[PDB]
């Protein structure tokens, strides 16, 4: 099936996500509405239940509200069973309408619907070529207090009705007991409570395995994607082990939430996206897009810098989920502002690299402050709005223009208020022009594109004051005027003859697993897939076609491989890099090293006899290690994803820049658990 098919649970670059706050969408079944001080059918008290449900979603998917827009994917609130208790935060009643207060990951939220309802949601959606993504919060349970076990539900965690444990009198040690985080450091925000939410301890085999079993359930229920919540609050190593659990069973596009603020650029965030095995929500993109189009605290030059930079920082920039606003920030549209800003940002997002995601109600010009004002009920299902139309015209492009989906980005013209960029993939091209300046037109001369000779009509049909473009020879465009607040989209598509790889997923897995390779010019006959120098052909290639290839991962050694393909004729494609071949099934292990003294600016890393440990390469060593919460300096620790049941030789090192200092004596040894977790305590050898 084409790379565009709804069945492609491995690629979302051609889709348009629609983020839905289930409760605030549509009440298709009032019989499941909560009651009492937890319910409010008017939806004035934004901290209560409003009635929104899966049934409602189905109806909207059925009357054409979503399909009409061009939406091809929906991200819904956490489906699992949340607490029932109505919490009181200073005279104000709060409920788990949001779904981020997990009680039992093996059951659904009655308010949203039954398992049967969820199954109906999947079918209705699938039938309408719409993919389903679900929010998942394995970082915690609910708001708790060890002192007052009467507070809410003591963060109680169940396993399909069976009570595992609570926050108070936590003998099993399921949760963390290190206080709350101040967001001071990564390690601080990972091992301490996020707010007052009962932090789960992933180092406990019970929790580990449990969450592993849970996710399978949902996977078996037909989901198409996963949205990992609070990923910067969970151990990277564990997450890696969790991802492999997914990829080694039922691969699905996964992206986590790594909150970033204005002008914030984290390297820890980059490395996560590149090694974790999952992608992330483009906060970088979102924040900059806001300064530029919203608050006007930066200009086009800042927009260009972001694009270029990101493309260099992320190994797979096209896997990043872009957005302009969400349930955690003020709605992009201000009650007094010009709507043209919101439309512009929308156009920009839809035609940019990554995976566009739209927070429900945007198309309706919903204004609102922070939580919970940004979570109002969808006021209307009108397709007459300008925003609704923009989405409607541009959305489909991601499907018919590989340039938009997998294309590169290039500034072709720029200035303080104007930005013209070129998306390009194979014989496909897209050129977009934006003029934020709402009061001044811009004269565009010297514009050069990759557009074939001829005239081009604005894809937006002048909806946003766009215009016609005249491209002479050499891609040189004729002089034109870019109206105030103008936005134009010109394009050119053609059949690609050369094999061009645009996507690959999953991005991490063990031998035997089937991976998906999408692109153009693959031909109709089976060819060859190269995993490094290892060639693959024949039966192992489950399926081959012009835009997609399904091939089983060869039994090569664990490590990082380069993926290339060649058609029947023998013509080779571009080289897709950064694919990780796991050594086998994964298990999360905690490494601890005692008496490891360092100098200010010098850190301790780990290395070993397996690819998951860098293979003895100081440049690929795990770290830097932690030393301040679970263990204090000179005692370091770290949660690492290693191959289960394997015998590993390891060592630690102190790294100062590129300068490496090896541990002395012989190599440490240990045999990884064939399931669940373990802790390795060792002393530094001099």
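Positions refer to the first chain, counted from 1.
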Notebook entry, point to check: Once you work out the mean C-alpha B-factor for both 138-146 and 603-611 from the entry, which is higher?
Noted result: 138-146
Next item on the list: Determine, for stretches 317-325 and 262-270, which one has the higher mean CA B-factor as deposited.
Entry: 262-270
Check: Highest Cα B-factor in the PDB entry belongs to which of 420, 163, 483, 133?
Finding: 163
Checklist line | Out of 509, 568, 440, 350, highest CA B-factor residue | finding: 568
Next item on the list: Ordered by C-alpha B-factor within the chain, which third holds residue 579? Give me lowest, middle or highest, please.
Entry: highest
Item checked: Chain-relative CA temperature factor third for residue 89 -> highest
Checklist line | Ranked C-alpha temperature factor of residue 662 among modelled chain residues, by third | finding: middle
Checklist line | Third of chain Cα B-factors occupied by residue 183 | finding: highest
Checklist line | For residue 293, the third of its chain into which the C-alpha B factor falls | finding: middle
